[PDB]
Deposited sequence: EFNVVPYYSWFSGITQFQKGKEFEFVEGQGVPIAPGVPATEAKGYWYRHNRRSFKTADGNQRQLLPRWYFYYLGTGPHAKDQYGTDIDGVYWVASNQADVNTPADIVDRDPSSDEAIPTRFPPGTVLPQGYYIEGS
C-alpha cells in the first residue's frame, strides 16, 4: 500500500514473483489495452513500486509495476526513453513520444482500474504476474 497518495494508474499492476527476473518488453510492445485508445496515444512507462514488509519472528515483498501514459504520473516530466531507475518506457510503433498522450488521469471513484492485458503476440516478462489475470 501507500502512505502517500499515489498518482492512480488506469490499469492493474504487474507483480514480480521470481527474484532475479528483469521487467522488460519488446520495443513496440508493453502498453496495456484500453478500449477506444488510439495507437498513436499508446505511449508511456511502467513505474516500479518498491513495497517493504515489516519484521516478524518467522523468516521479501517483491516490487509491483504500474503503467502511466506519457506526460502523467510520478515521472510526468521525464523524457521518453531516459534511463531512470524504476522506470520502464513503452510505446506502440504508431506513437510520437515527443508528445504527451492525450489522456487525463483516472479519478478512482468515477472509474475502477482496467485489468491489464496485452495484444496477441506480446512477449510477456517471465517471473511477473499481471494482476487481474
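Taken in order along the deposited sequence, the one stretch absent from the coordinates is 60-62.
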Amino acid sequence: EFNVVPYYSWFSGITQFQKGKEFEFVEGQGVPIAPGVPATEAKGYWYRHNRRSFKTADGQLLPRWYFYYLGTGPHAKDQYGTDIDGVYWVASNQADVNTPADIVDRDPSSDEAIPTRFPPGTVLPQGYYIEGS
From here on, numbers count along this sequence of modelled residues.
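Rigid core here is just the name for the largest C-alpha set that superposes within 1.5 Å across the two forms.
Of the two stretches examined, 102-110 and 73-81, the one with higher mean CA deviation in 6 other deposited structures of this protein after a rigid core fit is 102-110. As the entry records it, the average C-alpha temperature factor is higher for 98-106, out of 78-86 and 98-106. As recorded in the PDB entry, 110-118 is the stretch of 7-15 and 110-118 with the greater mean C-alpha temperature factor.
Out of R52, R64, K55, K43, it is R52 whose C-alpha atom has the highest B-factor in the PDB entry. Among the modelled residues of its chain, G36 has a C-alpha B-factor that falls in the highest third, as given in the PDB entry. In the PDB entry, a CA B factor belonging to the middle third of its chain's modelled residues is recorded for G71. Ranked by Cα temperature factor within the chain, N93 sits in the middle third according to the deposited record.
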